[PDB]
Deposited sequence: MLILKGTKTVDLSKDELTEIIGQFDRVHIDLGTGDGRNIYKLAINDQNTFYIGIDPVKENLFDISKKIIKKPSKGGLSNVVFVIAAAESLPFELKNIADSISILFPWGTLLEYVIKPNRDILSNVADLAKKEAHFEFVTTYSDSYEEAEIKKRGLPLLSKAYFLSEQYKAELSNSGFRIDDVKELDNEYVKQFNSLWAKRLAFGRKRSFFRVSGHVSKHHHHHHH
């Protein structure tokens, strides 16, 4: 299931493969939100096909309507919005991404990353190609770098297919570069700690 403007339509595996054809890389943003972050990534790199996934189609309507417009009007040819959840990812996305990101998650997705939920993370790892980079950027209260650096957390992620190569604590200034309304709120509000766990799959 993908969005064509405000309408939900079916995209087959063969159709997806055809679209991917004009691009050298594929990036998946899980729990993409309002689509503004992915829109910015896509506008700055036309050799990567961007796939934004979120179970809430309603919040993607504005940007979904924008990408279908003509190029001169803000339209993009390297973005697709998939309506799905981490617990039930589309089989068409298996082994397709060069990179996967989960940015400023909330709700169940945040817990799957922080706990972490090994089975769910395993499903997310299945979306990656043999290669593949990953990036999880989280924040809770306005846990800690130590937690994400612990052997237990590293082992749990490794079991799911994620090999941590770096853990960095980021600040509000860093988040000011993102365009989603949510990211702006997090960046402009009280001082908050953000953590990026990144590596390869």
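Residues of the deposited sequence that lack C-alpha coordinates fall in the stretches 1, 144-157, 217-225.
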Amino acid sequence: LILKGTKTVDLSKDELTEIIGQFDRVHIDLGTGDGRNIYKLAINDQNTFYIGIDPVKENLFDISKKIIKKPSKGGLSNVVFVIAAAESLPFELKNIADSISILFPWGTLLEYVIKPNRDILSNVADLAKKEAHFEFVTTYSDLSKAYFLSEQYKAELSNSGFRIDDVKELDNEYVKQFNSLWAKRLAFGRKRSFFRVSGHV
From here on, numbers count along this sequence of modelled residues.
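Compared with other entries of the same protein, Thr139 falls outside the group left without coordinates by a third of them; all model it where both flanks are modelled. Mean CA B-factor, 49-57 versus 62-70: the higher value falls on 62-70. Averaged over CA atoms, B-factors in the entry run higher in 15-23 than in the other of 15-23 and 185-193. Of the candidates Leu143, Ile164, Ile38, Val137, the one whose C-alpha carries the top B factor in the deposited record is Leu143. Based on the entry's C-alpha B-factors, the most elevated value among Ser88, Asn117, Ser101, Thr108 belongs to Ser88. In the deposited entry, the Cα temperature factor of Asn179 sits in the middle third of values across the chain's modelled residues.
When the modelled residues of the chain are ordered by their C-alpha B factor, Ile28 lands in the lowest third. Ranked by C-alpha B-factor against the other modelled residues of its chain, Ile96 falls in the middle third. In the deposited entry, the Cα temperature factor of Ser158 places it in the middle third of its chain's modelled residues. Ranked by C-alpha B-factor against the other modelled residues of its chain, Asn44 falls in the middle third.
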